[PDB]
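Data first, discussion second: the structure below is written as structure tokens.
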Amino acid sequence: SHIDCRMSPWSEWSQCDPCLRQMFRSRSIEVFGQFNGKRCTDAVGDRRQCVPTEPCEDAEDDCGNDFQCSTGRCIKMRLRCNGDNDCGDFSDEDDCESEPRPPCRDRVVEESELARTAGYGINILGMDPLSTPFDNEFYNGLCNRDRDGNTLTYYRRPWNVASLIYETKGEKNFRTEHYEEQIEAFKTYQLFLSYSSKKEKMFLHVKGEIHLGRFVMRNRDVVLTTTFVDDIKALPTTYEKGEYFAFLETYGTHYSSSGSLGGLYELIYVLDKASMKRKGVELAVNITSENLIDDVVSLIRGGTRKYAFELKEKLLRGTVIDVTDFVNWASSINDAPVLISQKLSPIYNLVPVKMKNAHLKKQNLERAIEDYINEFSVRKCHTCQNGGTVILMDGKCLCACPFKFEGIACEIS
Amino acid sequence: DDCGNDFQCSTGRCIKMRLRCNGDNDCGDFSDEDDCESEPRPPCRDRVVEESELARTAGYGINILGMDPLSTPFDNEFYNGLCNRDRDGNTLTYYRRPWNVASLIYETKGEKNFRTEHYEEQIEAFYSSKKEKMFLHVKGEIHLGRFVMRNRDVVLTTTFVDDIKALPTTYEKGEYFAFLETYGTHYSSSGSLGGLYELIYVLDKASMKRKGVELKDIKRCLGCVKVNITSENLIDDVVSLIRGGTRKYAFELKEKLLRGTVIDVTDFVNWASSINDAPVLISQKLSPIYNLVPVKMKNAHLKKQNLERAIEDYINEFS
Ligand SMILES: *[C@@H]1O[C@H](CO)[C@@H](O)[C@H](O)[C@H]1NC(C)=O
Ligand SMILES: *[C@@H]1O[C@H](CO)[C@@H](O)[C@H](O)[C@H]1NC(C)=O
Ligand SMILES: *[C@@H]1O[C@H](CO)[C@@H](O)[C@H](O)[C@@H]1O
Ligand SMILES: [Ca+2]
Ligand SMILES: [Ca+2]
């Protein structure tokens, strides 16, 4: 029969966290739902208000002679007045009635529209990008002007983006592979048998990888977003799974410590086709089968709307593609890049030392991320039949099979 | 309630003192922005930005058992006085991100498929058996951007928390079902803005293929001499599902299909250009709405526990 969402009992509640003015509760997921039963939508934990059972400790975490900004954030005095968006929000106008001097002197430099997005959060579940933990509109008083980028225009590189180098690389891989076959035979009162069979196989693989450089994030002196540091300040300090999962679900299990920008296209045709016949009379019989799979798939990512969706389908069809259609799509990757692949750093590496209780939060995050990877596992689900495998999705385990066996568990043929 | 040193709001909210003067509608109908005209200090230092129409509707309510208002309990007019921004690579326009939405990533990611599997078998002796299974699929995705939204520090519409302050402490099933349809049964904590199609050909190929068309020719005519297939009555049984875009281009694609004719590649790109106006959600990750009920609510855990007792009854209220 079909399969429903299931969970443990809830655990015993927390004490009241005196400065956070809340209490916390949590529960384990045990079945997601499957085979089109009752799909999960169900939470890992819950929180309740309390008048706290003890005093809160002194909140302020002041860095000293550094300027304490209107954000959660400290900054060094060379950046108190710098003609720039220092310290994570504008916080300076009442001081900077003098000393306007910019990082870039007499110049007109623009922001790198790639570097602002560098250091995506990533969730290891599905490997979706999330907006940066990193500030990337902070420049540390450095001008650090790059003339780089294929559109021959200068930009200012933001402090956390240690490298952004436009290594252009364009690759195409193409493979075709056919094997094609036929076998046939033949052999008052009379006898005969006639036999024939034919097989056709094609595998095409194509991929085109187009780079727009690579970013490497800085491994010391990282300046983080006001929202992220605040979302680390507002933590239980006691390993409440559901509350830590709420931070993973807004900034990722990892961040891309370095990532490769650009675009990709990929195409497959697989065709695998067979027909078999026998006929005979012996002093009538006539016995046949046909088996075909035909599956063509196209992926395009990166570039602008028009060119990508043109090229996506032109390439899927029989069409002999115009080189200038490729040039347009591949040029538009300048305007609209996508993250091709990247190196992942566990997110707790961005819990800054020189914040209160930092190392306790890190060991909690390290445990919590391990739990977040465990109770979302596929290994708990019931088995697929025949040649399929257990796919995982939010609130369902399932399988599907382009192989003449059928249903949401591939059980029938 | 009192907001301490910060400002108390009409229809019930607390706005941090630095927000009030900024231009950002912090307390609804610009009622934050009674006189501060000596210090009207903006969130953005004269930088050009236009508000994100895709994301202003993000965080739609959804119900498995009689569909929800497709509307936001979240207040996507709120920005915490930040200027943080995501931009359209297609028109090179910057948008502010509503502070509910933890991430916008505009990601041009088209995918497409065409597929058939077919089996036939016959055994005959003048025991016997005969079998068919056949289909043709065309499937497509158009993807405009990911959204993901907060699980804490959420700022709701005042009209949503009002609809919690009006709930009784008791289970009151009729009133709790009124709320659970007034805003939603569940919310997408994340989703995928775009458009989608599925155009299954229920046509068994032999229905035409006994007349002068080959398998490679009918595939050629779909995406041809050997008959005039576009003139002929022969193509009939094609389904249409089509999600998002401007109704003209959705109609043109449907009209061509119900006429038994192929859509031109010109058409699909025209449709894909129009998903910028009128997006739909291709997939969603779901949580029940009680997770939005603020921890400050005067019987908060009791109301949330009764919303769980109410959500549980919808599954029995319908077959
Ligand atoms: C028998 O022969 C006919 C004529 O070629 C063929 O169409 C059919 O598939 C064969 N199989 C049967 C009738 O079992
Ligand atoms: C096939 O018939 C249609 C009318 O249904 C006609 O417009 C078309 O010209 C014929 N063949 C061609 C040229 O497509
Ligand atoms: C944990 O589950 C218990 C059921 O034993 C409830 O009382 C509570 O609301 C929480 O969900
Ligand atoms: Ca300054
Ligand atoms: Ca305001």
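Only the coordinates and a few stated rules stand behind these numbers; no lab work does. Note: ideal-geometry Cβ built from the backbone for every residue, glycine included; neighbour counts use all protein chains shown.
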- List the trypsin sites (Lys or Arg not before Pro) in region A:212-269 that DSSP assigns to loop (not H, G, I, E or B) and whose Cβ has at most 13 other Cβ atoms within 10 Å. Which are they? A:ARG220
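Count charges around B:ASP88 for me, please; just the other residues with Cβ under 10 Å from its Cβ, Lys/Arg as +1, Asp/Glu as -1.
On the way: positive: A:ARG305, B:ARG87; negative: A:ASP335, B:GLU50, B:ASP86.
Surrounding charge for B:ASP88 is -1.
Among the listed pairs A:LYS404/B:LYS209; A:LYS277/B:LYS133; A:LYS199/A:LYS279, which are separated by more than 25 Å between their Cα atoms? Kindly include the intermediate steps, with their values, before the conclusion.
Numbers: A:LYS404/B:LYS209 23 Å; A:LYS277/B:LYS133 18 Å; A:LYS199/A:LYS279 19 Å.
Result: no pair exceeds 25 Å.
If I take every Cα pair under 8 Å that is 6 or more residues apart in region A:1-157, average their sequence separation and divide by the length, what percent do I get for the relative contact order?
Details: 235 pairs, mean separation 22.8, N = 157.
The value is 15 percent.
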- Can you list, bin by bin at 5 Å, the percent of alpha carbon pairs in region A:1-51, starting at 0? 6, 20, 20, 15, 13, 10, 8, 6, 3, 1
- Note on the structure: So the FRET efficiency between B:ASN5 and A:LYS169, C-beta based with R0 = 60 Å and rounded to 0.05, is 0.60
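Taking region A:228-378 on its own, what percent of its Cα-Cα pair distances exceed 21 Å?
So the pairs more than 21 Å apart make up 67 percent of the total in region A:228-378.
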- With 20 Å as the limit, write out which pairs from A:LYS314/B:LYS205; A:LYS273/B:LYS211; A:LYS207/A:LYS312; B:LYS130/B:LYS216; A:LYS207/A:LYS273 have Cα-Cα distances beyond it, or answer none. A:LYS314/B:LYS205; A:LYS273/B:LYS211; B:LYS130/B:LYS216; A:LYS207/A:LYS273
- Task: Would you kindly compute the Cα radius of gyration of region B:145-304 and its largest Cα-Cα separation (Dmax), both in Å?
- Result: 24.7, 76
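Tell me, in nm to one decimal, what length is gained between A:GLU110 and A:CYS74 on full extension, where the rule is 0.36 nm per residue of separation less the Cα-Cα distance? Present the calculation step by step, with values, prior to reporting the outcome.
Values: separation 36, 0.36 × 36 = 12.96 nm, distance 2.60 nm.
Here the answer is 10.4 nm.
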- Message: Straight-line reach only, C-alpha to C-alpha below 17 angstrom: list the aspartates and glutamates that B:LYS139 could link to, leaving out same-chain residues fewer than 8 apart.
- Response: A:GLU266, A:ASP294, A:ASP295, A:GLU310, A:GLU313, B:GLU111, B:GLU117, B:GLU198, B:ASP237, B:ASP264, B:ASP267
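Would the protein assembly as shown count as rounded, prolate or oblate if I go by the C-alpha gyration tensor, calling it rounded below 1.5 in a/c and otherwise prolate when a/b exceeds b/c, oblate otherwise? Don't skip to the end; give the middle numbers.
Numbers: a/c = 2.24, a/b = 1.64, b/c = 1.36.
It comes out prolate by the Cα gyration axes.
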- Message: Whole angstrom only: what separates the Cα centroid of region A:294-340 from the Cα centroid of region B:282-319?
- Response: 43
- For region A:144-174 and region B:5-77, write down the distance between their C-alpha centroids in whole Å. 36
- Under a no-solvent Debye model with one identical scatterer per Cα of region A:31-160, what's log10 I(q)/I(0) at q = 0.12, 0.23 Å⁻¹? -0.73, -1.36
- Item | Solvent-free Debye scattering, log10 I(q)/I(0), computed from the Cα coordinates of region A:198-242 at q = 0.13, 0.15, 0.19, 0.25 Å⁻¹ | -0.67, -0.74, -0.88, -1.03
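Around B:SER207, what is the net charge, scoring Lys/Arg as +1 and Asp/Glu as -1 over all other residues with Cβ under 13 Å from its Cβ?
Details: positive: B:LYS205, B:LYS209, B:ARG210, B:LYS211; negative: B:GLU132, B:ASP204, B:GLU232, B:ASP236, B:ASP237.
Neighbourhood net charge equals -1.
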- Item | Partner chain coverage, peptide A:243-251 - average Cβ within 10 angstrom | 4
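Count the net charge of all other residues whose Cβ sits under 14 Å from the Cβ of B:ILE218, scoring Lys and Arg as +1 and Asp and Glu as -1. Write out the running numbers ahead of the final one.
Details: positive: B:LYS205, B:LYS209, B:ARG210, B:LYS211, B:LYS216, B:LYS219, B:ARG220, B:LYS226; negative: A:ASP294, B:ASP204, B:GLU214, B:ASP217, B:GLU232, B:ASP236, B:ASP237.
Charge balance in the 14 Å sphere: +1.
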